Each structure stands twice: as structure tokens, then as C-alpha cells.
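Peer 1: Experimental structure and its sequence below.
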Amino acid sequence: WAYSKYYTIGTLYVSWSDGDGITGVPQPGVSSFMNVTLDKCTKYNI
Amino acid sequence: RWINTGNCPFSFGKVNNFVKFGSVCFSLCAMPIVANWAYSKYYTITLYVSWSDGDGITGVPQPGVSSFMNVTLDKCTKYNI
């Protein structure tokens, strides 16, 4: 409230293993996307 | 011949020395309690808190609109200004 009071209305707990096979994706059966732009300075996740 | 700070980012008691938080709540960080036999055996018998940093609540050593100024000049003070 008003950056003046805080109330922990609950808690979410996460457990995680390191490794792969789970990744974030910006959107939800084969073949990778590869949107690549040349010449423009570009943030990448290659 | 019979309150360790543990992992908390502050020590109990000392919290009365004008430390500030954004919020804090208590339940029964790890603030273990121990009883000791002649410093020779130790048995725990635990406090927990949650906090958010910031300001709005302050620990004070002793206790509605005004403010005082306990000031002491020309001598080596421990100030908290």
C-alpha cells in the first residue's frame, strides 16, 4: 500500500534441479524457430 | 550451571538500536535458541522472522506527533543522526 506498507499475502515455494529440458519460452511439434536478423545489433540467445 | 544470530541479517536485542525495515513478522531466518551446561553442552529448544527492507518501522531501546532531540555537545558522542 502506497509503497508504505507491505503484507505477505502468501508464499510460493519452488524447487528446481539444474539441467535442461525445462526452459522459458515466450509462447507455447518439431523443428526449431530461428528468427535471425543480420547487420542490426541484436540481443541474442544462440 | 545452565538466542544466536544464526543466519539473520540482524541480531536480536541489537535490533533495538534504530535498525529500520520495510516490514517484519515473527513466528515460532533461523534464530535458534540454545541452553548450555557450563558452556560444555548445548541443546536447542527456534524463532523465525520474515522481513522486507526499507523504512517505516524502527527498533528503539525504550518507548504522538512531536520529535525530541537528545543532543550532547563538545564530547565524543555515539550519535544516530
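Peer 2: Now that the structure is in, tell me what you want to look at. Residues are numbered from 1 along each chain as shown, chains lettered A, B, ... in the order given.
Peer 1: what's near enough to touch the residue nearest the centre of chain B?
Peer 2: In chain B, the centroid-proximal residue (Cα atoms, centre = their mean) is residue B:15; its distance is 2.0 Å. With contact set as Cβ atoms under 8 Å, 6 or more residues apart in numbering or on different chains, residue B:15 has these partners: residue B:59. For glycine as for every other residue, the C-beta is placed from the backbone atoms N, C-alpha and C.
Peer 1: So for stretch B:25-39, first residue to last residue, what's the gap.
Peer 2: Distance between the two ends of stretch B:25-39: 31 Å, counting by Cα to Cα, to the nearest Å.
Peer 1: Check the offset of it from the chain's centre.
Peer 2: Centroid separation for stretch B:25-39 versus its chain: 14 Å, with Cα atoms, centre = their mean, to the nearest Å.
Peer 1: Please point out which parts of it sit buried.
Peer 2: Going by neighbour count (16 or more other Cβ atoms under 10 Å in any protein chain shown), the buried part of stretch B:25-39 is residue B:31.
Peer 1: how many other residues sit next to the residue of chain A found nearest chain B?
Peer 2: Chain B sits closest to residue A:6 of chain A, with a gap of 3.9 Å, by Cβ to the nearest Cβ. Counted with other Cβ atoms under 10 Å in any protein chain shown, the neighbours of residue A:6 add up to 19.
Peer 1: which one is it nearest to, not counting chain neighbours?
Peer 2: Using Cβ to Cβ, 6 or more residues apart in numbering or on different chains and skipping the chain neighbours, the partner closest in space to residue A:6 is residue B:23 (3.9 Å).
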